[PDB]
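# Observations on chain architecture
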Amino acid sequence: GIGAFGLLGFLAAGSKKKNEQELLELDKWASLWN
């Protein structure tokens, strides 16, 4: 309903609505594959 289809932009929502930790969290994007 609004859970599975919401997971498509759940995290992004958190931003749509702080700490740098999160930034570095996404900064690891590369670290993912790297």
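Residues numbered from 1 in each chain as written, not as in the entry; some residues may be left out. Heavy atoms only, no water.

Another point: the overall build of the protein. Counting its secondary structure elements, the protein contains three helices and zero strands. Along the protein, helices (α) and strands (β) appear in the sequence α-α-α when read from the amino end. Its C-alpha atoms put the protein at 35 × 25 × 10 Å along the principal axes. Burial status across the protein gives 0% buried among its 34 residues. As displayed, the protein has an accessible area near 3,700 Å², and 63% of this comes from carbon and sulfur atoms. (Helix = DSSP H or I, 4+ residues; strand = E, 2+ residues; numbered from the N terminus. Buried < 20%, exposed > 50% of the residue type's maximum accessible area, 1.4 Å probe, protein only. Areas by Shrake-Rupley, 256 points an atom, 1.4 Å probe, with all protein chains shown as cover.)

With that settled, the discussion passes to a nonpolar patch on the surface. Nonpolar side chains collect at one region of the surface, where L26, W29, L32 and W33 lie side by side and expose about 530 Å² of accessible area between them. Following the sequence through the fold, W33 ends up in helix α3 (residues 29-33). Residue classification places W33 among the exposed residues on the basis of a relative accessible area of 63%. (Patch = residues over 30% accessible without salt bridge, like charges linked within 9 Å, V, L, I, M, F, W, Y side chains within 5 Å. Salt bridge = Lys/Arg side-chain N within 4 Å of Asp/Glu carboxyl O.)

Glancing now at unusual backbone geometry. Even without a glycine there, the phi angle at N34 is positive, about 40°. Note on placement: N34 falls in the segment after α3. Judged by relative accessible area, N34 falls into the exposed class, the value being 74%.

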